[PDB]
Participant: 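Shown below is the structure under consideration.
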Amino acid sequence: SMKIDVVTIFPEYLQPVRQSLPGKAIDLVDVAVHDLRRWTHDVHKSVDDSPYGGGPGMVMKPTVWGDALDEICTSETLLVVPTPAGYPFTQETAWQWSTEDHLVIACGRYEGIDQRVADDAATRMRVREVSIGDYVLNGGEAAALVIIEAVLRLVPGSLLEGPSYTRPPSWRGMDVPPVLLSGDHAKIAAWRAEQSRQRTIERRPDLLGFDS
Amino acid sequence: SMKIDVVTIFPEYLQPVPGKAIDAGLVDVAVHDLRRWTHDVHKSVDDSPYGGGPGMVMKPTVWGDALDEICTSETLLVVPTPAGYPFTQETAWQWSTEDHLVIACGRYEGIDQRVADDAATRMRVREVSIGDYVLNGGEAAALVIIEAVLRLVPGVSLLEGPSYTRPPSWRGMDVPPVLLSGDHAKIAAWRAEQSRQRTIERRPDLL
Ligand SMILES: OC1NC=Nc2cccc(F)c21
Ligand SMILES: OC1NC=Nc2cccc(F)c21
């Protein structure tokens, strides 16, 4: 079943852990992590350089990424490039990728990878540039972990959730809502619906088609 | 000064996030195993949901004890949850100036609501989601939050368009010549148009 390759200059940060949702799956999926510097040939193992046209920071070189993806990818590969400028990664995306035979995730710095890498790959395989949110990360590594977790839990083998409770029924003078103790499946369903409504309207009005 | 305490039943997951000079006292991250605060020999952290339904809910007595020991009145308690307010860059900026963050990592189904409600009577509590996809638990979200916050700690809109570096020609593709023109006003305008087109294509919501 599914193969996931992750390419990064911080392979220890990805390093698959038994005691993980992904770790259990590994013990249905195979996850391999590759050090990008493996495909460098200068003594300094240089993966980036200053941007053409100017600007702050560095851009990852196309040469190294090309050699790396040449080796790892096939025409059947779905190449995932986490980036702040990507299409939104959503739950629909997770379901779609959950049926893929082979995901390769290219982790780069925020400033990004030379655009020609994605352009070149697209001539040979499917390429998806995606953002997991509008906060700013220093690199794609944490995004890769999020994507893997969201995808792996869907592999064979709307409205916000309201508040949940468990035992004891009273705790620090705070009681569980009595309807939840009443065993009335209908009243419980109605209460839960109303709680989710209040919470969605308050926290995520966008989900119900309202202004933010 | 910034102290981050993370509480999780997967402490090894959180160890990875090295990172810089704590020797200057700018940033300390401590990860705590939630099972430290369990009451029974089976080290139980969750229980069946009241009112029925699938999954488990994390126990209030365990989390209550953990937060009692870890938190103070000055703490900003962060609770990652799919039902949370959106975590944004503005949020990250605000939290970057906090003396003490405690991140309570729970499973998707959640922590008994009384835990957060109780904590909010003596400290600031923030329930947040990092996105509208489903994770099994809050650990990955904590990593995302920790990264977005700490890079704004010193010493630790439109989409950006394509970027390029050497060599000028690679596998049949040349860098856009405008970028080599030495006309920096034109370069800015070109980049603005690239940004416009990419935003329209990928994130029309931003407009
Ligand atoms: O999805 C993101 N959101 C914010 N920053 C990033 C930096 C690198 C990769 C990536 F996917 C992201
Ligand atoms: O499923 C999620 N989606 C977004 N944020 C989260 C934060 C904590 C736990 C969790 F499951 C999630």
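What's counted below: heavy atoms across the whole structure, side chains too, no hydrogens, waters or symmetry copies. Within every chain, numbering begins at 1; the chains are lettered A, B, ... in the order of the sequence lines, protein sequences first and strands thereafter.
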Participant: In plain terms, say whether B:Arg114 and A:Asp175 are close enough for a salt bridge, that is, a side-chain N and a carboxylate O under 4.0 Å apart.
Facilitator: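 Not counted as a salt bridge, because no side-chain N and carboxylate O are separated by less than 4.0 Å.
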
Participant: So what's closer than 4.5 Å to chain A heavy atoms on B:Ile111: side chain, backbone, both or neither?
Facilitator: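 The backbone, not the side chain.
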
Participant: Atom CG in B:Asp132, atom CD in A:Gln91: separation rounded to 0.5 Å?
Facilitator: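 B:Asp132 atom CG to A:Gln91 atom CD measures 9.0 Å (nearest 0.5 Å).
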
Participant: Counting only N and O atoms by type, is there a donor-acceptor contact under 3.5 Å from the side chain of A:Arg167 to the main-chain atoms of B:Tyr50?
Facilitator: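 A pair under 3.5 Å: no.
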
Participant: Counting only heavy atoms closer than 4.5 Å, note whether B:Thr61 contacts chain A via side chain, backbone, both or neither.
Facilitator: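 Contact with chain A involves both backbone and side-chain atoms of B:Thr61.
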
Participant: How close do B:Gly64 and A:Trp171 get, heavy atom to heavy atom, and via which atoms?
Facilitator: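 Here B:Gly64 and A:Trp171 meet closest at CA-CZ2, 3.9 Å.
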
Participant: Select, from A:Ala94, A:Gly139, A:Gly162, A:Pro169, the one with the greatest count of heavy-atom pairs under 4.5 Å involving chain B.
Facilitator: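 Counting heavy-atom pairs under 4.5 Å, the top option is A:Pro169.
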
Participant: In terms of heavy-atom proximity below 4.5 Å to chain A, should B:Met56 be classed as side chain, backbone, both, or neither?
Facilitator: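 B:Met56 has no heavy atom closer than 4.5 Å to chain A.
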
Participant: Would you say that A:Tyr165 contacts B:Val57 through its side chain, given a criterion of any heavy-atom pair below 4.5 Å between the two side chains?
Facilitator: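 They are not in side-chain contact.
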
Participant: Would you say that B:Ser163 contacts A:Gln115 through its side chain, given a criterion of any heavy-atom pair below 4.5 Å between the two side chains?
Facilitator: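 Sidechains of A:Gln115 and B:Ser163: no contact.
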
Participant: In terms of heavy-atom pairs under 4.5 Å, which option from A:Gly54, A:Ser131, A:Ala142 contacts chain B the most?
Facilitator: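 Looking at each option in turn, the highest pair count goes to A:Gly54.
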
Participant: Side chain of A:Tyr135, backbone of B:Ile130: donor and acceptor closer than 3.5 Å?
Facilitator: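 Side chain of A:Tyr135 to backbone of B:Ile130, a donor-acceptor pair under 3.5 Å: yes, one is there.
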
Participant: Can A:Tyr87 and B:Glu201 be counted as having a side-chain donor-acceptor contact under 3.5 angstrom?
Facilitator: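 B:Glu201 and A:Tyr87 do have a side-chain donor-acceptor pair below 3.5 Å.
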
Participant: How long is the straight-line distance from CG of B:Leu135 back to CG of A:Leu152, given to the nearest 0.5 Å?
Facilitator: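 Those atoms lie 11.5 Å apart.
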
Participant: With side chains defined as the heavy atoms from C-beta onward, is the minimum distance between A:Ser212 and B:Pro86 less than 4.5 Å?
Facilitator: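 SC-SC contact between A:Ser212 and B:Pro86 ruled out.
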
Participant: Pick one of side chain, backbone, both or neither for A:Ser170, based on which atoms fall under 4.5 Å of a heavy atom in chain B.
Facilitator: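 Backbone of A:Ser170 only, per the 4.5 Å heavy-atom cut-off to chain B.
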
Participant: Count the heavy-atom pairs under 4.5 Å between each of A:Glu92, A:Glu111, A:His185, A:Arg192 and chain B, then report the option with the highest count.
Facilitator: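 The option with the most such pairs is A:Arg192.
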
Participant: Are the side chains of B:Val144 and A:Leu145 in touch, meaning some heavy atoms are under 4.5 Å apart?
Facilitator: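 The answer is no; the side chains never approach within 4.5 Å.
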
Participant: What part of B:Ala148 gets within 4.5 angstrom of chain A, counting heavy atoms only: side chain, backbone, both, or neither?
Facilitator: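 Both parts, backbone and side chain.
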
Participant: Are B:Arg171 and A:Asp70 close enough for a salt bridge, meaning some N to O gap below 4.0 Å?
Facilitator: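 So B:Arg171 pairs with A:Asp70 through a salt bridge.
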
Participant: For B:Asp47 and A:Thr166, indicate whether the former's side chain and the latter's backbone hold a donor-acceptor pair under 3.5 Å.
Facilitator: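 Between the backbone of A:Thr166 and the side chain of B:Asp47 there is no qualifying donor-acceptor contact (under 3.5 Å).
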
Participant: Please rank B:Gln15, B:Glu160, B:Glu127 by heavy-atom pairs under 4.5 Å with chain A and give me the top one.
Facilitator: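 Result: the option with the highest number of such pairs is B:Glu127.
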
Participant: Tell me, for B:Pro11 versus chain A, whether the close heavy atoms (under 4.5 Å) come from the side chain, the backbone, both or neither.
Facilitator: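 Neither part; nothing is under 4.5 Å.
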
Participant: Within the side chain of A:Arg203, is there an N or O that forms a donor-acceptor pair under 3.5 Å with the backbone of B:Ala83?
Facilitator: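 Confirmed, A:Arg203 side chain pairs with B:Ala83 backbone.
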
Participant: Counting heavy-atom pairs closer than 4.5 Å to chain B, which one of A:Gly133, A:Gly112, A:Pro163 comes out on top?
Facilitator: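 Result: the option with the highest number of such pairs is A:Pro163.
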
Participant: Using a 4.5 angstrom heavy-atom cutoff, name the option from A:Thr93, A:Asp184, A:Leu181 with the most pairs to chain B.
Facilitator: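 Option with the top pair count is A:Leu181.
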
Participant: Can you say whether A:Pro177 sits under 4.5 Å from chain B via the side chain, the backbone, both, or neither, judging by heavy atoms?
Facilitator: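 Contact with chain B is absent: no heavy atom of A:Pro177 under 4.5 Å.
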
Participant: Within a strict 4.5 Å, meaning less than it, do heavy atoms of the B:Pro82 and A:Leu160 side chains meet?
Facilitator: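 A side-chain contact under 4.5 Å is absent here.
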
Participant: Chain B: which of A:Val176, A:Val151, A:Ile188 shares the most heavy-atom pairs with it under 4.5 Å?
Facilitator: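 Of the candidates given, the most pairs with chain B belong to A:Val176.
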
Participant: For a 4.5 angstrom cut-off between non-hydrogen side-chain atoms, does B:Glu139 reach A:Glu149?
Facilitator: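 No, every pair of side-chain atoms sits at 4.5 Å or beyond.
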
Participant: Between B:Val134, B:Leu179, B:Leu159, B:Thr81, which residue shows the highest count of heavy-atom pairs closer than 4.5 Å to chain A?
Facilitator: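 Ranked by contacts with chain A, first place is B:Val134.
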
